[PDB]
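One file, coords_6.txt, is given below (compact mmCIF, C-alpha atoms and all ligand atoms).
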# COMPACT_ATOMS: atom_id res chain seq x y z
CA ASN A 1 -18.52 8.91 18.46
CA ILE A 2 -14.71 9.10 18.56
CA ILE A 3 -12.78 7.57 15.64
CA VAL A 4 -8.99 7.12 15.46
CA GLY A 5 -6.55 6.27 12.69
CA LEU A 6 -2.84 5.52 13.06
CA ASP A 7 -0.30 5.53 10.19
CA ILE A 8 3.00 4.11 11.49
CA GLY A 9 5.36 5.03 8.66
CA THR A 10 9.03 4.46 7.88
CA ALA A 11 9.69 8.20 8.42
CA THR A 12 6.82 9.91 10.28
CA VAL A 13 4.00 8.56 12.45
CA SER A 14 0.61 10.23 12.00
CA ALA A 15 -2.40 9.89 14.31
CA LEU A 16 -5.82 11.41 13.57
CA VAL A 17 -8.96 11.67 15.72
CA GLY A 18 -12.34 12.20 14.09
CA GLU A 19 -16.09 12.35 14.59
CA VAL A 20 -18.90 10.50 12.83
CA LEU A 21 -21.73 12.50 11.26
CA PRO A 22 -25.12 11.42 9.87
CA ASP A 23 -24.47 11.96 6.14
CA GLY A 24 -21.35 9.76 6.28
CA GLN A 25 -18.61 12.36 6.69
CA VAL A 26 -15.50 12.44 8.88
CA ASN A 27 -15.14 15.49 11.13
CA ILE A 28 -11.51 15.33 12.25
CA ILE A 29 -11.11 16.62 15.81
CA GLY A 30 -7.45 15.92 16.60
CA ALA A 31 -4.24 15.34 14.68
CA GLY A 32 -0.84 14.11 15.78
CA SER A 33 2.57 13.69 14.20
CA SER A 34 6.00 12.48 15.30
CA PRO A 35 9.14 11.17 13.55
CA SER A 36 9.50 7.39 13.48
CA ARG A 37 12.74 5.82 14.68
CA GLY A 38 13.68 2.17 14.24
CA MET A 39 11.59 1.44 11.15
CA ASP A 40 12.73 0.18 7.76
CA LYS A 41 11.04 -0.95 4.52
CA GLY A 42 7.63 -0.67 6.17
CA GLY A 43 8.50 -2.99 9.07
CA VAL A 44 10.01 -2.36 12.49
CA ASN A 45 13.69 -2.59 13.39
CA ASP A 46 13.64 -1.21 16.94
CA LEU A 47 10.47 -2.00 18.87
CA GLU A 48 11.24 0.30 21.82
CA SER A 49 11.79 3.20 19.41
CA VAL A 50 8.45 2.91 17.60
CA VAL A 51 6.55 2.45 20.88
CA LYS A 52 7.78 5.83 22.12
CA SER A 53 7.44 7.36 18.65
CA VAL A 54 3.86 6.13 18.24
CA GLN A 55 2.99 7.23 21.78
CA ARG A 56 4.48 10.66 21.12
CA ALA A 57 2.07 11.20 18.22
CA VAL A 58 -0.95 9.62 19.94
CA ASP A 59 -0.50 11.71 23.10
CA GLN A 60 -0.40 15.07 21.31
CA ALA A 61 -3.49 14.03 19.30
CA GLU A 62 -5.69 13.17 22.28
CA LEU A 63 -4.71 16.49 23.86
CA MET A 64 -5.93 18.11 20.63
CA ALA A 65 -9.35 16.40 20.82
CA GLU A 66 -10.08 16.37 24.57
CA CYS A 67 -10.79 12.63 24.80
CA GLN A 68 -8.82 9.49 25.58
CA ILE A 69 -7.93 7.14 22.72
CA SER A 70 -8.69 3.43 23.09
CA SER A 71 -9.38 1.61 19.79
CA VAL A 72 -7.36 2.63 16.72
CA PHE A 73 -7.11 1.69 13.04
CA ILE A 74 -3.47 1.03 12.12
CA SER A 75 -1.95 0.69 8.65
CA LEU A 76 0.82 -1.63 7.49
CA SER A 77 2.72 -2.25 4.27
CA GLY A 78 5.66 -4.20 2.91
CA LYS A 79 6.79 -6.40 0.06
CA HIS A 80 4.94 -9.34 1.64
CA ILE A 81 1.57 -7.76 0.80
CA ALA A 82 0.03 -10.02 -1.85
CA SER A 83 -3.34 -9.86 -3.58
CA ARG A 84 -5.36 -12.86 -4.76
CA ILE A 85 -8.63 -13.11 -6.69
CA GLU A 86 -10.72 -16.06 -5.48
CA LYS A 87 -14.20 -17.25 -6.41
CA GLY A 88 -16.81 -18.80 -4.14
CA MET A 89 -20.37 -20.07 -4.42
CA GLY A 90 -23.17 -21.52 -2.35
CA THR A 91 -26.85 -22.35 -2.29
CA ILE A 92 -29.63 -19.92 -1.38
CA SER A 93 -31.90 -21.38 1.29
CA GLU A 94 -35.58 -20.33 1.39
CA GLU A 95 -35.22 -18.78 -2.11
CA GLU A 96 -34.34 -15.43 -0.48
CA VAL A 97 -30.73 -14.42 0.09
CA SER A 98 -30.06 -13.73 3.77
CA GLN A 99 -26.85 -12.77 5.53
CA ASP A 100 -25.96 -16.39 6.31
CA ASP A 101 -26.21 -17.33 2.63
CA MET A 102 -23.53 -14.76 1.76
CA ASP A 103 -21.11 -15.52 4.60
CA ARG A 104 -21.14 -19.18 3.56
CA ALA A 105 -20.49 -18.09 -0.03
CA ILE A 106 -17.71 -15.73 1.05
CA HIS A 107 -16.36 -18.40 3.43
CA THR A 108 -15.84 -20.74 0.47
CA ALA A 109 -13.93 -18.04 -1.43
CA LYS A 110 -11.40 -17.22 1.31
CA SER A 111 -10.83 -20.83 2.45
CA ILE A 112 -7.61 -21.33 0.51
CA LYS A 113 -4.34 -23.09 1.30
CA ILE A 114 -2.26 -20.11 2.42
CA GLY A 115 0.13 -21.56 5.01
CA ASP A 116 1.04 -19.87 8.28
CA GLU A 117 3.73 -17.34 7.42
CA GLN A 118 0.91 -15.44 5.68
CA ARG A 119 -2.26 -14.02 7.23
CA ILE A 120 -5.17 -12.41 5.39
CA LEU A 121 -6.17 -8.90 6.47
CA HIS A 122 -8.63 -7.81 3.76
CA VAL A 123 -11.53 -9.75 2.23
CA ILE A 124 -13.34 -7.68 -0.39
CA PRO A 125 -16.46 -9.24 -1.99
CA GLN A 126 -16.70 -7.45 -5.32
CA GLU A 127 -19.26 -8.88 -7.77
CA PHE A 128 -22.00 -11.45 -7.16
CA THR A 129 -23.89 -13.67 -9.62
CA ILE A 130 -27.41 -14.79 -8.64
CA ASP A 131 -28.55 -17.28 -11.31
CA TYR A 132 -27.42 -15.85 -14.69
CA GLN A 133 -27.86 -12.35 -13.18
CA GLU A 134 -24.23 -11.29 -13.34
CA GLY A 135 -22.91 -8.03 -11.96
CA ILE A 136 -24.66 -7.66 -8.60
CA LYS A 137 -22.84 -5.71 -5.92
CA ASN A 138 -25.02 -6.33 -2.82
CA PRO A 139 -27.50 -9.22 -3.22
CA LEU A 140 -29.53 -8.95 -0.01
CA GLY A 141 -33.23 -9.75 -0.32
CA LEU A 142 -32.95 -10.91 -3.92
CA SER A 143 -34.67 -14.16 -4.83
CA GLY A 144 -32.88 -17.07 -6.46
CA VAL A 145 -31.47 -20.55 -6.06
CA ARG A 146 -27.67 -20.18 -6.26
CA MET A 147 -25.14 -17.36 -6.03
CA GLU A 148 -21.49 -16.92 -7.02
CA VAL A 149 -18.97 -14.45 -5.61
CA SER A 150 -15.58 -13.12 -6.71
CA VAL A 151 -13.69 -12.07 -3.57
CA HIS A 152 -10.45 -10.08 -3.50
CA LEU A 153 -7.96 -11.31 -0.89
CA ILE A 154 -5.06 -9.29 0.55
CA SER A 155 -2.60 -11.13 2.80
CA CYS A 156 0.64 -10.24 4.56
CA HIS A 157 3.52 -11.75 6.51
CA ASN A 158 2.32 -12.70 9.98
CA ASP A 159 5.52 -11.94 11.90
CA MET A 160 5.81 -8.53 10.23
CA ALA A 161 2.24 -7.76 11.33
CA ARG A 162 2.74 -9.01 14.90
CA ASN A 163 5.59 -6.53 15.36
CA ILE A 164 3.42 -3.62 14.21
CA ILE A 165 0.51 -4.71 16.41
CA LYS A 166 2.75 -5.03 19.48
CA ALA A 167 3.95 -1.42 19.13
CA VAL A 168 0.34 -0.20 19.36
CA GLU A 169 -0.60 -2.52 22.24
CA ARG A 170 2.51 -1.55 24.22
CA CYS A 171 1.09 1.99 24.37
CA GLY A 172 -2.14 0.76 25.96
CA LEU A 173 -4.33 0.70 22.84
CA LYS A 174 -6.36 -2.01 21.12
CA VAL A 175 -6.28 -2.46 17.36
CA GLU A 176 -9.75 -2.69 15.81
CA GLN A 177 -8.61 -3.41 12.24
CA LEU A 178 -5.42 -3.52 10.17
CA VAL A 179 -5.70 -1.64 6.87
CA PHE A 180 -3.36 -1.93 3.90
CA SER A 181 -1.48 1.33 3.40
CA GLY A 182 -2.11 1.51 -0.34
CA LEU A 183 -5.82 0.77 0.05
CA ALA A 184 -6.31 3.53 2.63
CA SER A 185 -4.38 6.13 0.63
CA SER A 186 -6.46 5.14 -2.39
CA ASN A 187 -9.71 5.48 -0.41
CA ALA A 188 -8.82 9.10 0.46
CA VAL A 189 -7.25 10.61 -2.68
CA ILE A 190 -9.50 9.52 -5.55
CA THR A 191 -13.27 9.84 -5.80
CA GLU A 192 -15.86 7.31 -6.94
CA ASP A 193 -15.83 9.18 -10.26
CA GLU A 194 -12.13 8.34 -10.65
CA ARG A 195 -12.91 4.69 -9.87
CA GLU A 196 -15.30 3.97 -12.75
CA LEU A 197 -12.93 4.81 -15.62
CA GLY A 198 -9.71 3.55 -14.05
CA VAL A 199 -6.86 4.71 -11.81
CA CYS A 200 -3.49 3.59 -10.48
CA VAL A 201 -2.58 5.15 -7.13
CA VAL A 202 1.01 4.94 -5.87
CA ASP A 203 2.03 5.83 -2.30
CA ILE A 204 5.75 6.60 -2.54
CA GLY A 205 7.00 7.07 1.00
CA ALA A 206 10.31 6.59 2.79
CA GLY A 207 10.56 2.81 2.99
CA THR A 208 7.97 1.51 0.54
CA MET A 209 5.75 2.47 -2.39
CA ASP A 210 2.21 1.07 -2.41
CA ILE A 211 0.37 0.34 -5.67
CA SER A 212 -3.40 -0.03 -6.07
CA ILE A 213 -5.31 -0.44 -9.35
CA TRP A 214 -9.04 0.25 -9.69
CA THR A 215 -10.68 -0.46 -13.07
CA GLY A 216 -14.44 0.00 -12.71
CA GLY A 217 -14.83 0.72 -8.99
CA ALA A 218 -13.21 -2.43 -7.57
CA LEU A 219 -9.67 -3.23 -6.45
CA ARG A 220 -8.03 -5.25 -9.22
CA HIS A 221 -4.46 -5.70 -7.96
CA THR A 222 -2.21 -4.82 -5.03
CA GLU A 223 1.59 -4.80 -5.18
CA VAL A 224 4.25 -3.26 -2.94
CA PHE A 225 7.95 -2.56 -3.49
CA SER A 226 10.49 -1.80 -0.76
CA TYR A 227 12.22 0.97 -2.75
CA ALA A 228 11.11 4.52 -1.98
CA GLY A 229 12.16 7.98 -0.78
CA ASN A 230 14.93 6.60 1.43
CA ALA A 231 16.63 4.73 -1.42
CA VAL A 232 17.06 8.02 -3.29
CA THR A 233 18.20 9.92 -0.18
CA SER A 234 21.02 7.39 0.13
CA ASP A 235 21.79 8.02 -3.54
CA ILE A 236 22.39 11.69 -2.66
CA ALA A 237 24.39 10.88 0.48
CA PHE A 238 26.61 8.47 -1.48
CA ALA A 239 27.17 10.44 -4.70
CA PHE A 240 28.21 13.57 -2.74
CA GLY A 241 29.74 12.11 0.44
CA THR A 242 27.48 13.65 3.07
CA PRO A 243 25.40 12.21 5.93
CA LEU A 244 21.87 11.06 5.22
CA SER A 245 20.61 13.55 7.80
CA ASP A 246 22.16 16.29 5.64
CA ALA A 247 21.37 14.66 2.28
CA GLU A 248 17.70 14.57 3.31
CA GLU A 249 17.57 18.32 3.97
CA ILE A 250 18.96 19.12 0.50
CA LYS A 251 16.32 16.80 -1.00
CA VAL A 252 13.24 18.13 0.79
CA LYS A 253 14.34 21.72 0.14
CA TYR A 254 16.36 21.56 -3.10
CA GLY A 255 15.08 18.34 -4.68
CA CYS A 256 13.98 17.91 -8.28
CA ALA A 257 12.80 14.83 -10.17
CA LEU A 258 13.68 16.03 -13.70
CA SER A 259 17.09 17.56 -14.36
CA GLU A 260 15.76 19.66 -17.27
CA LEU A 261 13.42 21.55 -14.91
CA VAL A 262 16.06 23.51 -12.95
CA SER A 263 18.23 26.34 -14.21
CA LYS A 264 22.02 26.15 -14.26
CA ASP A 265 22.19 29.23 -11.99
CA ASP A 266 20.62 27.37 -9.04
CA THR A 267 23.30 26.25 -6.58
CA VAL A 268 22.88 24.33 -3.33
CA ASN A 269 25.15 24.21 -0.29
CA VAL A 270 25.98 20.63 0.73
CA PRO A 271 27.90 20.33 4.03
CA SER A 272 30.89 18.17 4.91
CA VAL A 273 31.50 15.84 7.82
CA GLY A 274 34.07 16.35 10.56
CA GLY A 275 34.15 20.15 10.37
CA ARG A 276 35.28 20.94 6.84
CA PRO A 277 33.89 23.76 4.68
CA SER A 278 30.67 23.21 2.74
CA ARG A 279 31.23 23.36 -1.01
CA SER A 280 28.47 24.70 -3.25
CA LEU A 281 26.84 22.26 -5.67
CA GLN A 282 24.70 22.83 -8.74
CA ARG A 283 21.03 22.06 -8.13
CA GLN A 284 20.89 20.70 -11.68
CA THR A 285 23.67 18.25 -10.80
CA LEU A 286 21.73 17.17 -7.70
CA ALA A 287 18.63 16.69 -9.86
CA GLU A 288 20.75 14.48 -12.15
CA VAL A 289 21.09 12.08 -9.19
CA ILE A 290 17.41 12.04 -8.22
CA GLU A 291 16.11 11.60 -11.79
CA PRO A 292 17.50 8.13 -12.72
CA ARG A 293 16.24 6.65 -9.45
CA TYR A 294 12.73 8.10 -9.72
CA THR A 295 12.33 6.67 -13.23
CA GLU A 296 13.27 3.18 -12.02
CA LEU A 297 10.69 3.48 -9.24
CA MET A 298 8.12 4.21 -11.95
CA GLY A 299 9.41 1.48 -14.26
CA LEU A 300 8.42 -1.00 -11.57
CA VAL A 301 4.99 0.66 -11.44
CA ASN A 302 4.63 0.79 -15.23
CA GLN A 303 5.58 -2.87 -15.67
CA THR A 304 3.12 -3.84 -12.92
CA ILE A 305 0.30 -2.14 -14.84
CA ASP A 306 1.36 -3.90 -18.05
CA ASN A 307 1.26 -7.32 -16.37
CA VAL A 308 -2.14 -6.56 -14.80
CA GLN A 309 -3.73 -5.12 -17.95
CA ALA A 310 -2.56 -8.29 -19.72
CA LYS A 311 -4.58 -10.27 -17.16
CA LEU A 312 -7.64 -7.98 -17.38
CA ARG A 313 -7.85 -7.38 -21.13
CA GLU A 314 -7.29 -11.13 -21.69
CA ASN A 315 -10.08 -12.08 -19.26
CA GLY A 316 -13.12 -10.05 -20.30
CA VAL A 317 -12.94 -7.40 -17.56
CA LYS A 318 -12.40 -3.64 -17.80
CA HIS A 319 -8.69 -2.96 -18.10
CA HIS A 320 -7.96 0.65 -19.14
CA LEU A 321 -7.14 3.54 -16.78
CA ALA A 322 -8.82 6.56 -18.35
CA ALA A 323 -7.91 8.76 -15.36
CA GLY A 324 -4.20 7.92 -15.47
CA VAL A 325 -1.90 7.45 -12.49
CA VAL A 326 -2.24 9.28 -9.17
CA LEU A 327 0.86 9.92 -7.04
CA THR A 328 0.52 10.32 -3.27
CA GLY A 329 2.83 10.02 -0.28
CA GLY A 330 5.67 12.19 0.92
CA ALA A 331 8.04 11.32 -1.92
CA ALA A 332 5.44 12.53 -4.44
CA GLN A 333 6.12 16.11 -3.30
CA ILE A 334 9.50 16.52 -5.04
CA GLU A 335 9.66 19.02 -7.89
CA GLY A 336 8.81 17.43 -11.23
CA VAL A 337 6.98 14.22 -10.30
CA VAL A 338 4.16 15.06 -12.71
CA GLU A 339 6.55 15.61 -15.62
CA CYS A 340 8.85 12.73 -14.62
CA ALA A 341 5.99 10.22 -14.38
CA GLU A 342 4.22 11.31 -17.58
CA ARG A 343 7.46 10.50 -19.44
CA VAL A 344 7.32 6.83 -18.36
CA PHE A 345 3.55 6.30 -18.01
CA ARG A 346 1.87 6.80 -21.38
CA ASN A 347 -1.26 7.99 -19.53
CA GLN A 348 -1.81 11.21 -17.60
CA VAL A 349 -0.39 11.66 -14.10
CA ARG A 350 -1.57 13.85 -11.22
CA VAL A 351 -0.50 14.23 -7.58
CA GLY A 352 -3.20 13.38 -5.05
CA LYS A 353 -3.96 15.05 -1.73
CA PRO A 354 -6.40 14.30 1.11
CA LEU A 355 -9.72 15.79 0.03
CA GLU A 356 -13.01 16.75 1.68
CA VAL A 357 -11.46 17.04 5.14
CA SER A 358 -13.81 18.79 7.58
CA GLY A 359 -11.87 20.99 9.98
CA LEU A 360 -8.18 20.95 10.89
CA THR A 361 -7.36 21.61 7.21
CA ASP A 362 -4.06 23.28 8.23
CA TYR A 363 -2.30 19.94 8.83
CA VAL A 364 -4.32 17.68 6.49
CA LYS A 365 -3.10 19.18 3.21
CA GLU A 366 0.09 17.63 1.81
CA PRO A 367 -0.18 14.06 0.45
CA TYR A 368 1.81 12.50 3.32
CA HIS A 369 -1.49 12.47 5.25
CA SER A 370 -3.45 10.46 2.67
CA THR A 371 -2.83 7.16 4.47
CA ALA A 372 -3.83 8.48 7.91
CA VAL A 373 -7.02 10.01 6.50
CA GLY A 374 -7.68 6.80 4.57
CA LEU A 375 -7.89 4.92 7.86
CA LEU A 376 -10.58 7.38 8.95
CA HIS A 377 -12.52 6.65 5.77
CA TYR A 378 -12.07 2.96 6.56
CA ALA A 379 -13.26 3.42 10.16
CA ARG A 380 -16.27 5.50 9.11
CA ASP A 381 -17.54 2.30 7.45
CA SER A 382 -18.90 0.50 10.52
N1 LIG B 1 9.40 18.03 -0.41
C1 LIG B 1 9.87 16.79 -0.55
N2 LIG B 1 10.60 16.49 -1.65
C2 LIG B 1 11.07 15.25 -1.80
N3 LIG B 1 10.93 14.20 -0.99
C3 LIG B 1 10.21 14.52 0.08
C4 LIG B 1 9.65 15.75 0.38
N4 LIG B 1 8.97 15.71 1.58
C5 LIG B 1 9.12 14.47 1.98
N5 LIG B 1 9.86 13.70 1.13
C6 LIG B 1 10.20 12.29 1.29
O1 LIG B 1 9.10 11.63 1.86
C7 LIG B 1 9.59 10.40 2.44
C8 LIG B 1 8.68 9.97 3.56
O2 LIG B 1 7.37 10.57 3.38
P1 LIG B 1 6.05 9.82 3.83
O3 LIG B 1 5.45 10.56 5.03
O4 LIG B 1 5.14 9.63 2.68
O5 LIG B 1 6.55 8.42 4.36
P2 LIG B 1 5.98 7.27 5.30
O6 LIG B 1 4.50 7.27 5.32
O7 LIG B 1 6.67 7.41 6.65
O8 LIG B 1 6.54 5.96 4.61
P3 LIG B 1 6.03 4.55 4.06
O9 LIG B 1 5.77 4.62 2.60
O10 LIG B 1 7.13 3.57 4.45
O11 LIG B 1 4.77 4.26 4.89
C9 LIG B 1 11.05 10.65 2.83
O12 LIG B 1 11.90 9.63 2.30
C10 LIG B 1 11.38 12.03 2.23
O13 LIG B 1 12.60 12.03 1.50
MG MG B 2 2.86 5.98 4.31

The structure in this file should be written as structure tokens.
Amino acid sequence: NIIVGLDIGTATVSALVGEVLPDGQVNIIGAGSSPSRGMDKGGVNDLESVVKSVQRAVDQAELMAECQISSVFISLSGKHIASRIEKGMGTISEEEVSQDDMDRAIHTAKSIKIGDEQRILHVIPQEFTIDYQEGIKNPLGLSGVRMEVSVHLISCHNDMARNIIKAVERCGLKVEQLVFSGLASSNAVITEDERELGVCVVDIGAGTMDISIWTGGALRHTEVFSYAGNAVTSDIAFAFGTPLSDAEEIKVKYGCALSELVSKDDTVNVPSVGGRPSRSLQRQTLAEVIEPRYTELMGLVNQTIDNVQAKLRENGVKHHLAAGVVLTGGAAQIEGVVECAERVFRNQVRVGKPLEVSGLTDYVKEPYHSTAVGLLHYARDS
């Protein structure tokens, strides 16, 4: 069957077509990419711009798969993404847990007073409890009288999700499911082995950075900040008086996250606006602009872990990340992220990349594809 994932980002839009296989693997058949215009902080700013930009990437990806695209799996992120842990319970009719006995138990967990500005997009039943038998992941067929569930809720702003959905429908597609950007990137960068000990995946992009914490194989918290790779590009464009279109080229090419990792002999050529000569600038001086901003972006991540570990260690649940912090997304490709993050996070830090991709491994390499390939891992589960 044909499977499609769509990552509408603040900088680039990525579309991926894939095939389902018996063992549970994703054979990617087609890939598409296009720059995104009219998009800020994870949400849209110009609807007509993203409709063309998301049709540009979805048209070159169906050509590269020889099949028309109908249903897609889109991703969305933003500061409105909130995570809630809720508990539900219910009786067990006939002393044998069926599917109805769980939906009624999950229904009680997600029936909360949320409002209307918010809408829930993920409901993740984690651990069940059938009559003093705690720690049960899938209680189908088990015998008992009463069950208890702890369900993880992830909600988002409704109006900021309606704008993203309309851009996909305006192209002639139908959305099958909306996936959180940090949850998809997590589900395609770390392995189940990395989930048992503990991990903290961050998806630093252009508009937003997406945080996900797994301590034991279950999502423990979800938090999103609207400061990312575009807030540091402006820092370059401001401190040196150059356009953002030019300050972005001297960041992708000559960017460094730690000023003590570039020699004093490295010089970069920053242009000038209007038609004036381009003066040479020390790459170390440019790295001295990128470093203080990247450490603040990780201070928000490090203080989020501290507040979550204080709610997990003080609650009788696994709380330590023995595998450290994993950095994915386009902004995690700048020189020195590993050494800049290890200086703020006491734990180890690595940079994740989409793994175990079958075919088309010439465009599914760098970590700015982790979200798009995480939607494929989410659409495989059907
Ligand atoms: N080699 C590089 N060095 C430094 N920064 C880079 C590099 N390559 C890309 N970036 C940064 O990556 C950012 C966008 O990358 P990415 O594809 O992860 O974003 P996105 O998915 O569109 O955004 P979002 O997080 O809003 O979904 C840009 O701000 C750019 O500055
Ligand atoms: Mg992204």

Please identify all protein, DNA and RNA residues within 9 Å of ligand LIG 1 (chain B), counting all atoms listed in the file, and report them as a tab-separated table (two decimals) with C-alpha atoms, keeping the file's coordinate frame.
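After the write, out.tsv holds the following:
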chain	number	residue	atom	x	y	z
A	7	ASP	CA	-0.30	5.53	10.19
A	8	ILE	CA	3.00	4.11	11.49
A	9	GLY	CA	5.36	5.03	8.66
A	10	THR	CA	9.03	4.46	7.88
A	11	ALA	CA	9.69	8.20	8.42
A	12	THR	CA	6.82	9.91	10.28
A	13	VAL	CA	4.00	8.56	12.45
A	14	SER	CA	0.61	10.23	12.00
A	35	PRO	CA	9.14	11.17	13.55
A	36	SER	CA	9.50	7.39	13.48
A	39	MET	CA	11.59	1.44	11.15
A	40	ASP	CA	12.73	0.18	7.76
A	41	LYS	CA	11.04	-0.95	4.52
A	42	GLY	CA	7.63	-0.67	6.17
A	43	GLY	CA	8.50	-2.99	9.07
A	75	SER	CA	-1.95	0.69	8.65
A	76	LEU	CA	0.82	-1.63	7.49
A	77	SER	CA	2.72	-2.25	4.27
A	78	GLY	CA	5.66	-4.20	2.91
A	181	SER	CA	-1.48	1.33	3.40
A	182	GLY	CA	-2.11	1.51	-0.34
A	203	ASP	CA	2.03	5.83	-2.30
A	204	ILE	CA	5.75	6.60	-2.54
A	205	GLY	CA	7.00	7.07	1.00
A	206	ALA	CA	10.31	6.59	2.79
A	207	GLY	CA	10.56	2.81	2.99
A	208	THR	CA	7.97	1.51	0.54
A	209	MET	CA	5.75	2.47	-2.39
A	210	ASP	CA	2.21	1.07	-2.41
A	226	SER	CA	10.49	-1.80	-0.76
A	228	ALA	CA	11.11	4.52	-1.98
A	229	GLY	CA	12.16	7.98	-0.78
A	230	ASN	CA	14.93	6.60	1.43
A	231	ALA	CA	16.63	4.73	-1.42
A	232	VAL	CA	17.06	8.02	-3.29
A	233	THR	CA	18.20	9.92	-0.18
A	248	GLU	CA	17.70	14.57	3.31
A	249	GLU	CA	17.57	18.32	3.97
A	251	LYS	CA	16.32	16.80	-1.00
A	252	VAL	CA	13.24	18.13	0.79
A	253	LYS	CA	14.34	21.72	0.14
A	254	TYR	CA	16.36	21.56	-3.10
A	255	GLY	CA	15.08	18.34	-4.68
A	256	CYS	CA	13.98	17.91	-8.28
A	257	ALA	CA	12.80	14.83	-10.17
A	328	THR	CA	0.52	10.32	-3.27
A	329	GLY	CA	2.83	10.02	-0.28
A	330	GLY	CA	5.67	12.19	0.92
A	331	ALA	CA	8.04	11.32	-1.92
A	332	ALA	CA	5.44	12.53	-4.44
A	333	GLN	CA	6.12	16.11	-3.30
A	334	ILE	CA	9.50	16.52	-5.04
A	335	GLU	CA	9.66	19.02	-7.89
A	367	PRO	CA	-0.18	14.06	0.45
A	368	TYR	CA	1.81	12.50	3.32
A	369	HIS	CA	-1.49	12.47	5.25
A	370	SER	CA	-3.45	10.46	2.67
A	371	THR	CA	-2.83	7.16	4.47
A	372	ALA	CA	-3.83	8.48	7.91

10 Å contact set for residue 59 of chain A, all atoms listed in the file, chain neighbours under 2 positions out, as an MDAnalysis selection string
chainID A and resid 15 31:33 54:57 61:64 68:69 171

What lies within 10 Å of residue 346 of chain A using all atoms listed in the file, ignoring chain neighbours under 3 positions off, as a list in words?
residues 302, 324, 325, 341, 342, 343 and 349 of chain A

Give me the residues near residue 214 of chain A as a list in words, where near means some atom within 6 Å (using all atoms listed in the file) and where sequence neighbours in that chain fewer than 2 positions away do not count.
residues 195, 198, 199, 217, 218, 219 and 220 of chain A

Box centre and edge lengths (Å, one decimal), axis-aligned, segment 346-363 of chain A plus 8 Å each side, as lines of an AutoDock Vina configuration file:
center_x = -6.0
center_y = 15.0
center_z = -5.2
size_x = 31.7
size_y = 32.5
size_z = 48.3

Using atom CA of residue 174 of chain A and atom CA of residue 74 of chain A as the two end points, give the distance in Å to one decimal.
9.9 Å

Just want the 12 Å neighbourhood of segment 103-118 of chain A, counted on only C-alpha atoms, with same-chain residues fewer than 5 positions away dropped. Output as a PDB file with C-alpha atoms, in the frame of the given file.
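What landed in selection.pdb:
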ATOM      1  CA  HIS A  80       4.940  -9.340   1.640  1.00  0.00           C
ATOM      2  CA  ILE A  81       1.570  -7.760   0.800  1.00  0.00           C
ATOM      3  CA  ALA A  82       0.030 -10.020  -1.850  1.00  0.00           C
ATOM      4  CA  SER A  83      -3.340  -9.860  -3.580  1.00  0.00           C
ATOM      5  CA  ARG A  84      -5.360 -12.860  -4.760  1.00  0.00           C
ATOM      6  CA  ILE A  85      -8.630 -13.110  -6.690  1.00  0.00           C
ATOM      7  CA  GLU A  86     -10.720 -16.060  -5.480  1.00  0.00           C
ATOM      8  CA  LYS A  87     -14.200 -17.250  -6.410  1.00  0.00           C
ATOM      9  CA  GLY A  88     -16.810 -18.800  -4.140  1.00  0.00           C
ATOM     10  CA  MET A  89     -20.370 -20.070  -4.420  1.00  0.00           C
ATOM     11  CA  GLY A  90     -23.170 -21.520  -2.350  1.00  0.00           C
ATOM     12  CA  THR A  91     -26.850 -22.350  -2.290  1.00  0.00           C
ATOM     13  CA  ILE A  92     -29.630 -19.920  -1.380  1.00  0.00           C
ATOM     14  CA  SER A  93     -31.900 -21.380   1.290  1.00  0.00           C
ATOM     15  CA  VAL A  97     -30.730 -14.420   0.090  1.00  0.00           C
ATOM     16  CA  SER A  98     -30.060 -13.730   3.770  1.00  0.00           C
ATOM     17  CA  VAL A 123     -11.530  -9.750   2.230  1.00  0.00           C
ATOM     18  CA  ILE A 124     -13.340  -7.680  -0.390  1.00  0.00           C
ATOM     19  CA  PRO A 125     -16.460  -9.240  -1.990  1.00  0.00           C
ATOM     20  CA  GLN A 126     -16.700  -7.450  -5.320  1.00  0.00           C
ATOM     21  CA  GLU A 127     -19.260  -8.880  -7.770  1.00  0.00           C
ATOM     22  CA  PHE A 128     -22.000 -11.450  -7.160  1.00  0.00           C
ATOM     23  CA  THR A 129     -23.890 -13.670  -9.620  1.00  0.00           C
ATOM     24  CA  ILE A 130     -27.410 -14.790  -8.640  1.00  0.00           C
ATOM     25  CA  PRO A 139     -27.500  -9.220  -3.220  1.00  0.00           C
ATOM     26  CA  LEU A 140     -29.530  -8.950  -0.010  1.00  0.00           C
ATOM     27  CA  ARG A 146     -27.670 -20.180  -6.260  1.00  0.00           C
ATOM     28  CA  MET A 147     -25.140 -17.360  -6.030  1.00  0.00           C
ATOM     29  CA  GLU A 148     -21.490 -16.920  -7.020  1.00  0.00           C
ATOM     30  CA  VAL A 149     -18.970 -14.450  -5.610  1.00  0.00           C
ATOM     31  CA  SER A 150     -15.580 -13.120  -6.710  1.00  0.00           C
ATOM     32  CA  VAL A 151     -13.690 -12.070  -3.570  1.00  0.00           C
ATOM     33  CA  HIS A 152     -10.450 -10.080  -3.500  1.00  0.00           C
ATOM     34  CA  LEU A 153      -7.960 -11.310  -0.890  1.00  0.00           C
ATOM     35  CA  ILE A 154      -5.060  -9.290   0.550  1.00  0.00           C
ATOM     36  CA  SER A 155      -2.600 -11.130   2.800  1.00  0.00           C
ATOM     37  CA  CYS A 156       0.640 -10.240   4.560  1.00  0.00           C
ATOM     38  CA  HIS A 157       3.520 -11.750   6.510  1.00  0.00           C
ATOM     39  CA  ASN A 158       2.320 -12.700   9.980  1.00  0.00           C
ATOM     40  CA  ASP A 159       5.520 -11.940  11.900  1.00  0.00           C
ATOM     41  CA  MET A 160       5.810  -8.530  10.230  1.00  0.00           C
ATOM     42  CA  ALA A 161       2.240  -7.760  11.330  1.00  0.00           C
ATOM     43  CA  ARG A 162       2.740  -9.010  14.900  1.00  0.00           C
TER      44      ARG A 162
END
